[PDB]
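So this first bit is one chain, no partners, the form deposited in one PDB entry, shown in structure tokens.
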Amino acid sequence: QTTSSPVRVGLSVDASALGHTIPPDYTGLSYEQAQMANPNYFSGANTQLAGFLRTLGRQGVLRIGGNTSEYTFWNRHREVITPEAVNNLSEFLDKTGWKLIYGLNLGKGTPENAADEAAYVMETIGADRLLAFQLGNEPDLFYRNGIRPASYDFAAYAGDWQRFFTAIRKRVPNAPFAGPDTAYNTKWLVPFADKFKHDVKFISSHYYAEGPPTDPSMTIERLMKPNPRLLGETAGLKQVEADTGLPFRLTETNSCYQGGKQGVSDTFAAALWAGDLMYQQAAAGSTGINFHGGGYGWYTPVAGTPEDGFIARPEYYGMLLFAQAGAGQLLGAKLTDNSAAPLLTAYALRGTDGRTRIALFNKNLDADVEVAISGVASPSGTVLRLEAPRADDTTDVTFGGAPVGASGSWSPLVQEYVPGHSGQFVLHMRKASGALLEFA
């Protein structure tokens, strides 16, 4: 490609500037526990949904919990989870190769019912595929729903958590746990890590780009800019890790609250946001991510049902770019001369296969860019482009010149070499686009 009047920026790759190593199970999705009320959703029979997950990664994590986990009640025979639903989830995990984070009902359920449900999950799914149980979702927001009274605080929650933990461990001596399954904060997450650091495997935190309802309204323009609250919360998590030894995973995230915002969450801009977010958190030392979704929600990566079929929504294509990059070690990638295109981001990666890759997100809505790439020595680079004709498009999204098809079927159909002369490369990118470069 060539662009009309592009902003000419410099990208310098430094193979000696070592960052974090991306784990092979970094990618992931978060779903409502209420989906378990239908044993045909997370099922070996659901070959469509299993195909979408395999395309997002050979390894990844399925997280089940969410606000419906305070209303879902296990029974060995308001939503009900049966042995049959847990048996079918086991077969779904076998078909996808993914590992499981499983919510237990601390909001409305009993310690003894949680221990009974955990025992059946451990009996059926087993220790290798079960990563963690979580004891409630967003306990700091229990009062907003009246699930607890306004007086409920960290002290109260810690009492609940200990009662559930003790009851579960009696039934399941090897039960693994994560928490506290909420947004970063000083009154809940920091004291949780201090008190329970010997009882959990990792810290589970949540992130939504939209702020409180009294923040300025979320637009595509705002979604593309840096989020200083995200940088702060991520620093907070790094310090918990230094203090307690506990790594962190982002177990529930998406663009906007309450199932997302029409004209923002369901748009190609969400592919750029989600792809960029995956790399920003991996570079910060996060162990992984779980994009919330289900049904036909505005922000869901995968939409549909077993009866009607499943489709890749725009956000899925951001996650697909990450999937095709693969795992490896992050490297130095500094941008210069980039003040008139400030929302361009770039991430360089030494792939586990030994090839250098670069993931670029041109999140500038009104500036095409020309990137002069130094610090890569290769006889040939290829580009796969992440594209839609407008940032607010709800469809027309392609990666490598192709849409995702049925059951997550994808492969690239457009081959493009990156122009190379004097040990350097020059890549044009349209406004609001992304690219994955791979060097021989």
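Just count from 1 along the sequence shown to find any residue number. Definition used throughout: the rigid core is the maximal C-alpha set that superposes within 1.5 Å between two forms.
This protein has a second form, the form deposited in another entry, left out of what is shown; the following refers to that one.
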Residue from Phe310, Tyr184, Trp161, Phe177 whose Cα, after superposing the rigid core, lies 2 Å or more away between the shown form and the other one: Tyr184
Taking the rigid core as the superposition reference, indicate whether the CA of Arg355 shifts 2 angstroms or more between the shown form and the other one. no
Verify the C-alpha shift of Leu365 between the shown form and the other one: is it 2 Å or more after superposing the core? no
Shift of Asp116 between the shown form and the other one at or above 2 Å (CA, core fit): no
